[PDB]
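So basically every Cβ, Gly included, is an ideal-geometry build from the backbone, and we count neighbours across all protein chains shown. Taken together, the values in this text are just the output of simple stated rules run on the coordinates, not laboratory data.
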Amino acid sequence: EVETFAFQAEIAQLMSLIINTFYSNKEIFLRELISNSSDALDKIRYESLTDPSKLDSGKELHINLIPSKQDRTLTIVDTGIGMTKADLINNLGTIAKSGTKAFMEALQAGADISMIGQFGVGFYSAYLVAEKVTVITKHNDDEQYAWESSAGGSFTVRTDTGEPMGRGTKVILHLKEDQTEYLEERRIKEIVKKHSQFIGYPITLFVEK
Ligand SMILES: COc1c(C)cnc(Cn2cc(Cc3ccccc3)c3c(Cl)nc(N)nc32)c1C
C-alpha cells in the first residue's frame, strides 16, 4: 500500500534549486540533519518529563551515523520524537512553506545556501548529496512509516515492514555517484567536528565492515 503525493509548488521549487544550483559546500547537509535529530531528541525528552511512559518505546537518546559502501548510503538515525503520518503528508509541508519562501527571499538578497537551517528547511539540503532520500520514522501512538522522494515533484508514504525502530527517525541518503566521499570515516569525522561539536546527545559514527 504505497500512496503518492505531490509536493506543494514552493517546496518542489526549493528542491529543484538545491539539485540545480552550482554550490560546492555540500557538506552542510550533515549539520542540518544532526540538528534536526537533536531537536527531535529535545522534544521527546521534554515530553517525558510530564509523561514518563513516553520512553517505554526506548530510554536511550542518541544519534548514530551509519555509512554503507555496499548500499552507497549514509544513514542518520535518532531516537527522537519521530513523525506521525499527518506530519509526513501535511504538517511538514505546512510548516516549511513560510520558511521556504523566506529562504528564497534571503537567497536573491545575497544570502548563502548554508543558512538554510535558519529557515527551518535544512532537511532539504540532503538533496545536495543524495539522488533519493528514504525516511523511516516511528512516533508514539502511530505506526512505523517509510517516506521517500527522488525530488520528482512527488513523494511516497507507506507503512514500513522493516526492522521495528521503537521510536525515532532514520534518514537514509542514497548518495549521488560523485558524492561517495561522505561514506569515508575521515570525512564524516571532519564534518562533525567542524559543524556539530556541541550537540547535547552522543553521536556514534559507525565504521564500515
Ligand atoms: C520526512 O522527511 C523530512 C521532511 C520531508 C522534512 N523535514 C524533515 C525534518 N524533520 C522534521 C521533523 C518533525 C516535524 C514534523 C512536522 C513539522 C515540522 C517538523 C523531524 C523529526 Cl521529529 N526528526 C527528524 N530527525 N527530522 C525531522 C524530514 C525528516
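The lone criterion from (1) surrounded by fewer than 19 Cβ atoms within 10 Å (Cβ to Cβ); (2) near the ligand (Cβ under 10 Å from one of its atoms); (3) within 21 Å of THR159 (Cα to Cα) left unmet by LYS85 is number (2).
Within the range 81-103, residues that are under 14 Å from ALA12 (Cα atoms) and touching a residue at least 60 places away in the same chain (Cβ under 8 Å) reach partners that are more than 10 Å from the ligand (Cβ to nearest atom) and not in a helix (DSSP H, G or I) with beta carbons closer than 7 Å, at six or more positions or on different chains, in the pairs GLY93/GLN8; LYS97/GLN8.
Scanning the range 1-41 for residues that are near the ligand (Cβ under 10 Å from one of its atoms) and of a type in the set (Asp, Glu) yields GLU32, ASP39.
Condition check for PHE103 on (1) away from the ligand (no atom under 12 Å from the Cβ); (2) surrounded by fewer than 17 Cβ atoms within 10 Å (Cβ to Cβ); (3) in a helix (DSSP H, G or I): one failure, at (2). Comparison of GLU163, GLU148 shows that the only residue that is within 12 Å of the ligand (Cβ to nearest atom) and under 18 Å from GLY82 (Cβ atoms) is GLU148. If the condition is being out of contact with any strand residue (DSSP E or B) (no Cβ under 7 Å at 6 or more places or on another chain) and assigned to a helix (DSSP H, G or I), then the range 78-90 contributes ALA86, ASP87, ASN90. The single residue among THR75, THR94 that is under 23 Å from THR156 (Cα atoms) and out of contact with any strand residue (DSSP E or B) (no Cβ under 8 Å at 6 or more places or on another chain) turns out to be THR94.
Looking across the range 199-209, the residues that are under 13 Å from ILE63 (Cα atoms) and more than 17 Å from the chain's Cα centre (by Cα) come down to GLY200, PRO202, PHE206. Among the residues making up the range 120-131, those that are within 12 Å of the ligand (Cβ to nearest atom) and either surrounded by fewer than 22 Cβ atoms within 10 Å (Cβ to Cβ) or in a helix (DSSP H, G or I) (or both) are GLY120, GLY122, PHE123, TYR124, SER125, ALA126, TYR127.
Taken as a whole, the condition of being assigned to a loop (DSSP other than H, G, I, E, B) and either within 12 Å of the ligand (Cβ to nearest atom) or farther than 20 Å from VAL121 by Cα (or both) does not apply to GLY93.
Evaluation of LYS69 against the conditions (1) in contact with an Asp or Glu (Cβ under 7 Å, 6 or more places away or on another chain); (2) more than 10 Å from the ligand (Cβ to nearest atom); (3) under 23 Å from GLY152 (Cα atoms) shows that the sole unmet condition is (3). Taking the condition of being under 14 Å from the mean Cα position of the chain (by Cα) and small (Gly, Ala, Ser), how many residues in the range 159-176 meet it? The number of residues fulfilling the criteria is 1. Of the set (1) within 30 Å of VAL207 (Cα to Cα); (2) outside any helix (DSSP H, G or I), all apply to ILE19 but (2). Looking at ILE116, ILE95, just one residue is farther than 15 Å from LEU30 by Cα and either buried (at least 17 other Cβ atoms within 10 Å of the Cβ) or within 16 Å of the chain's Cα centre (by Cα) (or both), and that residue is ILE95.
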